[PDB]
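Asker: Pasting a structure below so you can have a look.
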Number of protein chains: 2
Amino acid sequence: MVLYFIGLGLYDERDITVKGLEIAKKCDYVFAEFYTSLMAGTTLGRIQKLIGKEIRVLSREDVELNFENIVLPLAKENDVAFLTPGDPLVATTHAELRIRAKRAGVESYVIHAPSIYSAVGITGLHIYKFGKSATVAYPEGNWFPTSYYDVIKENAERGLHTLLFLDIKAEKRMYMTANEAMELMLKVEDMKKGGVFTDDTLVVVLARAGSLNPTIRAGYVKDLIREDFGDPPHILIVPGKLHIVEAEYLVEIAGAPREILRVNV
Amino acid sequence: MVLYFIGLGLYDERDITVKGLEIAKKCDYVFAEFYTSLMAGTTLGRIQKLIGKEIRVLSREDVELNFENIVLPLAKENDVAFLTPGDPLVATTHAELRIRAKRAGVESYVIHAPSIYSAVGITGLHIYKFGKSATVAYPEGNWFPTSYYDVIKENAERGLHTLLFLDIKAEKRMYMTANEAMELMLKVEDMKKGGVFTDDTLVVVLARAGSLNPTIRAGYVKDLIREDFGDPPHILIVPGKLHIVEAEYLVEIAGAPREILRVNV
Ligand SMILES: Nc1ncnc2c1ncn2[C@@H]1O[C@H](CSCC[C@H](N)C(=O)O)[C@@H](O)[C@H]1O
Ligand code: NA
């Protein structure tokens, strides 16, 4: 009578950990959600085939409003697994679901999986140098989100890198590209005029981490804003002051302009 | 002609991903390092048995000084794997190993795995709220480093959480315990008297992340400094002001005192 939160990883069904797979194969019921992120390299069918179980996919409403009515009941008498893209607790509100499990007298366990939060290391940017993170959300009607602007500002001032999660509207199959993120951000800069994010700002784009050939690009906004980085998901990063070896990596591996090698210490 | 950087994950031999295992099994040569960290929940023998390949262990010097003459030559005519605890490229000097590969006309691919950077999400603390990260090191001779103290200060000051890695002596398999870290920091607070780390400071301890039964504890230093957190590795976190949901998780899941619901929110 336990509930397992099992992450599926970054790109395809093989990004699940061996631990996660062996446990998932032995659960009586398997649920999952695919709205918190996009696993561009697999399909529900492939996942099901891999674990050898039928997977009942849940919507944001099913989870957020009815988790304790749909999932928890079965966990009281069976072994249940709840699958999610990446790591189940990273940049989601899934952690709170563990509190619901407890209140319903259901023991829960967490099986991690590779997350975009650590995969940023493939950009060559020292991970310990990342500051507060943020999300670039799509404007809705008259509401235009801007919180991410001050986060970048705050981190840049301290010389820290900023990781920017990009928006996703799964039910509409909408996945924000780095290009769309940059356009929205330039519009905010136009309004705030803080010099935080401009055409001369160096940025890094990581697309489809987890795949064997992810797209890793670094350069100035003016040059990258219209570049094609391939299919989603995309993640955007605004570096802070660079170490010599970070700049070297960005140039040698991410195709950045050789001029970023010259750091302004 | 190919070099694979493969992450081993968090704690035991099952923490590698299905993708990492299958690729490792097809490699002609397999190297690994355990100087950046150890896999406390398993052994070299178990990892070797699971992968079914002899694993050549490399020291810090083998990697930093001679990676290109030990690993890369073999990668020119074979498929070589380089295993590391956690997620590849998280250790700050590992990213530059890919530059070395390029220079040697060797292709390299990264296979991700769970990292403590993302696994800490199991503490219920929102990942976007983490700021700069640091490592707590032991004073030595006339050297008394305290940089991590300023990091905690700069983060908390902005409402951000601080992830603290504890000093480790891989070769000797000597880990700094959370208890030792706290004592060291109270000592640092006594010298800088900045009111950053005191008996009243709230902290979180994560031990054996990755195992099915990790130790997750939260509370004030005065009560946790002498508490037994079990076998290493221990990870320490000094949270910034908490979101009521984070605090509730720490109370319900990590045994934190009710008091945090009004004092640290
Ligand atoms: N493989 C990938 N490549 C690039 N960005 C990714 C990604 N996976 C997730 N993201 C980014 O993160 C957003 C989802 S946020 C949820 C993250 C997830 N729990 C994890 O552990 O990774 C996406 O909209 C995208 O901006
Ligand atoms: Na971080």
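Naming works like this for the structure tokens: A, B, ... for the chains as they're shown, residue 1 at the start of each chain, ligands 1 onward in shown order.
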Residues at most 9 Å from residue 257 (chain A), counting only C-alpha atoms, excluding those fewer than 3 positions away in the same chain, as an MDAnalysis selection string?
Answerer: chainID A and resid 218:220 250:251 260:261
Asker: Grab me every residue within 7 Å of ligand 2, counting only C-alpha atoms and all ligand atoms, and send it over as a list in words.
Answerer: residues 127, 128, 130 and 131 of chain A; 117, 130, 131, 132 and 133 of chain B
Asker: Using only C-alpha atoms and all ligand atoms, which residues have at least one atom no more than 7 Å from ligand 1? Output them as JSON, numbers by chain.
Answerer: {"A": [10, 11, 36, 37, 38, 39, 85, 86, 87, 88, 89, 90, 91, 92, 114, 115, 116, 117, 165, 166, 167, 168, 175, 206, 207, 208, 209, 210, 232, 233, 234, 235]}
Asker: Which neighbours of residue 47 (chain A) fall inside 9 Å, counting only C-alpha atoms, when residues of the same chain fewer than 6 positions from it are skipped, and could you give them as a ChimeraX atom specification?
Answerer: /A:8,12-14,53,55
Asker: Counting only C-alpha atoms, what is within 12 Å of residue 70 (chain B), bar same-chain residues fewer than 4 positions away, as an NGL selection string?
Answerer: :B and (29-32 or 56-59 or 61-66 or 74-76 or 80 or 82 or 101)
Asker: Which residues come within 10 Å of region 136-149 of chain B, counting only C-alpha atoms, excluding same-chain residues fewer than 3 positions away, as JSON, numbers by chain?
Answerer: {"B": [132, 133, 152, 153, 154, 162, 163, 164, 165, 166, 167, 168, 176, 180, 181, 182, 184, 185, 188, 189, 191, 192, 194, 196, 197, 236]}
Asker: Using DSSP on the backbone, list every residue of region 87-178 of chain B that comes out as strand (DSSP E or B), and give them as a ChimeraX atom specification.
Answerer: /B:107-111,130,134-136,140,143,161-166,168-169,174-175
Asker: For the residues in the current selection, export C-alpha atoms as a PDB file, in the first residue's frame.
Answerer:
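Written file, selection_15.pdb:
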```pdb
ATOM      1  CA  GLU B 107      33.138  12.891 -30.628  1.00  0.00           C
ATOM      2  CA  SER B 108      31.546  12.976 -27.175  1.00  0.00           C
ATOM      3  CA  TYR B 109      27.993  12.551 -25.938  1.00  0.00           C
ATOM      4  CA  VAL B 110      26.455  13.142 -22.545  1.00  0.00           C
ATOM      5  CA  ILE B 111      24.121  10.679 -20.844  1.00  0.00           C
ATOM      6  CA  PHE B 130      17.850  28.253  -4.622  1.00  0.00           C
ATOM      7  CA  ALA B 134      28.758  26.506  -1.996  1.00  0.00           C
ATOM      8  CA  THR B 135      30.963  23.915  -0.301  1.00  0.00           C
ATOM      9  CA  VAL B 136      31.826  23.867   3.396  1.00  0.00           C
ATOM     10  CA  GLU B 140      43.747  23.819   7.846  1.00  0.00           C
ATOM     11  CA  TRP B 143      43.979  28.711   6.480  1.00  0.00           C
ATOM     12  CA  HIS B 161      17.872  28.935  -0.289  1.00  0.00           C
ATOM     13  CA  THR B 162      21.528  27.895  -0.071  1.00  0.00           C
ATOM     14  CA  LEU B 163      22.623  24.373  -1.035  1.00  0.00           C
ATOM     15  CA  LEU B 164      25.757  23.396   0.909  1.00  0.00           C
ATOM     16  CA  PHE B 165      28.042  20.565  -0.151  1.00  0.00           C
ATOM     17  CA  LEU B 166      30.095  19.168   2.717  1.00  0.00           C
ATOM     18  CA  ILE B 168      34.865  15.081   1.423  1.00  0.00           C
ATOM     19  CA  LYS B 169      38.110  13.074   1.315  1.00  0.00           C
ATOM     20  CA  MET B 174      36.188  10.536   5.098  1.00  0.00           C
ATOM     21  CA  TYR B 175      33.009  12.613   4.896  1.00  0.00           C
TER      22      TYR B 175
END
```
Asker: At a cut-off of 7 Å, using only C-alpha atoms, what residues contact region 19-24 of chain B? Leave out same-chain residues fewer than 2 positions from it and give the result as a list in words.
Answerer: residues 14 and 15 of chain A; 6, 16, 17, 26, 27, 51, 81 and 111 of chain B
Asker: Nearest residue to residue 202 (chain A) out of A:60, A:103, A:46, A:217, using only C-alpha atoms?
Answerer: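 With only C-alpha atoms as the atom set, the closest residue is A:217.
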Asker: Determine the nearest neighbour of residue 105 (chain B) from the options B:83, B:160, B:224, B:72, counting only C-alpha atoms.
Answerer: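 Distance minimum relative to residue 105 (chain B) lands on B:72.
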Asker: Run DSSP on the backbone and grab whatever in region 32-255 of chain B lands in helix (DSSP H, G or I); send it over as a ChimeraX atom specification.
Answerer: /B:44-51,60-64,67-70,72-75,96-103,116-123,127-129,147-156,178-192,221-224,244-252
Asker: So, with only C-alpha atoms as the atoms that count, which of B:121, B:214, B:159, B:195 lies closest to chain A?
Answerer: B:121
Asker: Which residue, B:231, B:96, B:77, B:199, has the smallest gap to chain A when you use only C-alpha atoms?
Answerer: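 The closest residue to chain A is B:96.
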